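For reference, entry-v2.cif is printed below; it contains mmCIF, C-alpha atoms.
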data_coords
loop_
_atom_site.label_atom_id
_atom_site.label_comp_id
_atom_site.auth_asym_id
_atom_site.auth_seq_id
_atom_site.Cartn_x
_atom_site.Cartn_y
_atom_site.Cartn_z
CA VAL Y 133 32.58 53.52 154.49
CA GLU Y 134 29.97 56.22 154.17
CA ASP Y 135 28.52 54.56 151.10
CA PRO Y 136 24.70 54.23 151.10
CA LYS Y 137 23.29 50.76 151.82
CA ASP Y 138 19.85 51.23 150.23
CA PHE Y 139 18.15 53.74 147.93
CA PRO Y 140 17.22 57.12 149.45
CA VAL Y 141 14.15 56.72 151.66
CA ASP Y 142 11.77 58.80 149.51
CA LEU Y 143 11.95 56.07 146.85
CA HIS Y 144 11.35 53.00 149.07
CA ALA Y 145 7.63 53.25 148.28
CA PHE Y 146 8.44 52.42 144.66
CA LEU Y 147 10.90 49.54 145.22
CA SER Y 148 10.64 45.80 145.88
CA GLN Y 149 12.74 44.75 148.86
CA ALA Y 150 12.73 41.02 148.03
CA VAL Y 151 16.01 40.90 146.08
CA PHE Y 152 16.20 37.10 146.16
CA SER Y 153 12.74 36.67 144.62
CA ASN Y 154 12.10 33.96 142.02
CA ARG Y 155 9.55 36.28 140.45
CA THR Y 156 10.80 37.69 137.15
CA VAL Y 157 10.00 41.35 136.39
CA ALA Y 158 10.48 44.01 133.70
CA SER Y 159 11.31 47.30 135.42
CA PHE Y 160 14.49 47.92 137.47
CA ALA Y 161 16.47 50.58 139.34
CA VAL Y 162 20.15 51.00 140.04
CA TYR Y 163 21.65 53.34 142.66
CA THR Y 164 25.38 53.80 142.15
CA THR Y 165 27.98 56.51 141.31
CA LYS Y 166 27.92 59.03 138.42
CA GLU Y 167 30.88 57.25 136.86
CA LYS Y 168 29.45 53.73 137.16
CA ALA Y 169 25.99 54.90 136.07
CA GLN Y 170 27.37 56.67 132.99
CA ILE Y 171 28.77 53.33 131.80
CA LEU Y 172 25.90 51.07 132.83
CA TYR Y 173 23.51 53.35 130.99
CA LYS Y 174 25.09 52.13 127.73
CA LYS Y 175 25.92 48.56 128.71
CA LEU Y 176 22.43 47.73 130.06
CA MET Y 177 20.74 49.18 126.97
CA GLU Y 178 22.72 46.58 124.98
CA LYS Y 179 22.65 43.55 127.32
CA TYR Y 180 18.94 43.71 128.00
CA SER Y 181 18.01 45.66 124.87
CA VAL Y 182 16.05 47.94 127.20
CA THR Y 183 12.88 49.41 125.73
CA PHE Y 184 13.65 52.50 127.80
CA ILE Y 185 16.41 53.73 130.13
CA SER Y 186 17.10 56.99 131.99
CA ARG Y 187 19.85 58.33 134.26
CA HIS Y 188 19.09 60.72 137.11
CA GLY Y 189 21.25 62.81 139.44
CA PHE Y 190 21.19 63.00 143.24
CA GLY Y 191 24.18 64.83 144.64
CA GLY Y 192 27.16 62.91 143.27
CA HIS Y 193 25.29 59.64 142.78
CA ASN Y 194 23.07 58.45 139.95
CA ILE Y 195 19.97 56.31 139.71
CA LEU Y 196 19.33 54.35 136.56
CA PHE Y 197 15.78 53.37 135.81
CA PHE Y 198 15.03 51.04 132.91
CA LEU Y 199 12.31 48.84 131.46
CA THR Y 200 13.07 45.60 129.61
CA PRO Y 201 11.23 43.79 126.79
CA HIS Y 202 11.51 40.43 128.50
CA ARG Y 203 11.30 39.66 132.24
CA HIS Y 204 14.30 38.89 134.48
CA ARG Y 205 15.00 38.14 138.13
CA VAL Y 206 16.24 41.18 140.05
CA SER Y 207 19.00 38.89 141.20
CA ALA Y 208 20.25 38.60 137.60
CA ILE Y 209 20.21 42.28 136.68
CA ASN Y 210 22.14 42.90 139.91
CA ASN Y 211 24.75 40.23 139.29
CA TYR Y 212 25.46 41.74 135.89
CA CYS Y 213 25.78 45.24 137.31
CA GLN Y 214 28.01 44.20 140.21
CA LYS Y 215 30.68 42.75 137.92
CA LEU Y 216 31.49 46.34 136.89
CA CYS Y 217 32.02 47.31 140.53
CA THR Y 218 34.93 46.72 142.86
CA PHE Y 219 34.93 49.58 145.38
CA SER Y 220 31.99 51.63 144.12
CA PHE Y 221 28.74 50.81 145.84
CA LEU Y 222 25.77 49.68 143.75
CA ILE Y 223 22.24 48.84 144.77
CA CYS Y 224 19.79 47.16 142.42
CA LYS Y 225 16.09 46.63 143.09
CA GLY Y 226 12.87 45.91 141.24
CA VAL Y 227 10.52 48.81 140.50
CA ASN Y 228 6.74 48.50 141.00
CA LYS Y 229 5.33 51.95 140.17
CA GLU Y 230 7.01 52.64 136.79
CA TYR Y 231 5.59 56.05 135.81
CA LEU Y 232 5.43 57.29 139.44
CA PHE Y 233 9.03 56.30 140.26
CA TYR Y 234 10.13 57.97 137.03
CA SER Y 235 8.17 61.02 138.15
CA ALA Y 236 9.87 61.32 141.54
CA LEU Y 237 13.22 60.95 139.75
CA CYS Y 238 12.34 63.92 137.52
CA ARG Y 239 11.77 66.37 140.36
CA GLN Y 240 13.65 67.67 143.42
CA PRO Y 241 15.82 66.64 144.98
CA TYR Y 242 16.39 64.53 141.86
CA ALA Y 243 16.84 65.49 138.20
CA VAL Y 244 17.05 63.82 134.77
CA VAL Y 245 20.42 63.79 133.01
CA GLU Y 246 19.97 61.54 129.98
CA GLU Y 247 17.29 59.29 128.48
CA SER Y 248 17.02 56.88 125.54
CA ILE Y 249 13.68 58.42 124.48
CA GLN Y 250 13.09 62.15 123.82
CA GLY Y 251 10.50 63.78 126.10
CA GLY Y 252 11.17 60.78 128.27
CA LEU Y 253 8.32 58.64 129.49
CA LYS Y 254 4.61 59.38 129.08
CA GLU Y 255 1.93 58.33 131.56
CA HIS Y 256 -0.24 56.78 128.83
CA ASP Y 257 2.45 54.17 128.15
CA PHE Y 258 1.06 52.23 131.17
CA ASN Y 259 -2.09 51.00 132.97
#
Encoded form (structure tokens):
Amino acid sequence: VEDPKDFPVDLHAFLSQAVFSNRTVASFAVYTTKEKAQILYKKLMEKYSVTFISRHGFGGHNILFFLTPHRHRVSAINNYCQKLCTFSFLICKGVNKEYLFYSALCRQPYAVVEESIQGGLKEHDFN
């Protein structure tokens, strides 16, 4: 109805728009509701054994950002997430700039809510 159809525009810079790609990657984002995100935060951590995952607020919606040990098609992460949704929207894309995306999601108009690693994510954990 008035559900979003993509991520907020300030994050497009960070996201891959080719959702049907055969290329397998290791960082992902999910834009959905507080409720759905609260659950996926725990499910994803267990299904993908994420090396890291965080949940961020934006009005009433949430954005999950997570890294995985092994690579996966964006298509696959999405399919898994969508099975938890019926009427709630949910957008899932691949993330290119890991530490920068995570940065933007830690500042206005966004904010961190919960993380799987204290202090969160440090810049030196990347190239």
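Note on the selection: in this file the PyMOL selection byres ((chain Y and resi 143-159) around 8) comes out as residues 139, 140, 141, 142, 160, 161, 197, 198, 199, 200, 201, 202, 203, 204, 205, 206, 207, 225, 226, 227, 228, 229, 230, 232, 233 and 236 of chain Y.
Pairwise distance (CA of residue 196 in chain Y, CA of residue 163 in chain Y) equals 6.6 Å.
You will find CA of residue 244 in chain Y at 15.6 Å from CA of residue 172 in chain Y.
With only C-alpha atoms as the atoms that count, the residue of Y:240, Y:259, Y:186, Y:194 with the shortest distance to residue 223 in chain Y is Y:194.
Nearest-residue note for residue 248 in chain Y: choosing from Y:133, Y:185, Y:162, Y:177, the minimum distance belongs to Y:185, counting all atoms listed in the file.
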How big is the axis-aligned box around all listed atoms of range 163-167 of chain Y once 4 Å goes on each side, and where's its centre, in Å to one decimal, as lines of an AutoDock Vina configuration file?
center_x = 26.3
center_y = 56.2
center_z = 139.8
size_x = 17.2
size_y = 13.7
size_z = 13.8
As a check of understanding: the span from CA of residue 210 in chain Y to CA of residue 243 in chain Y is 23.3 Å
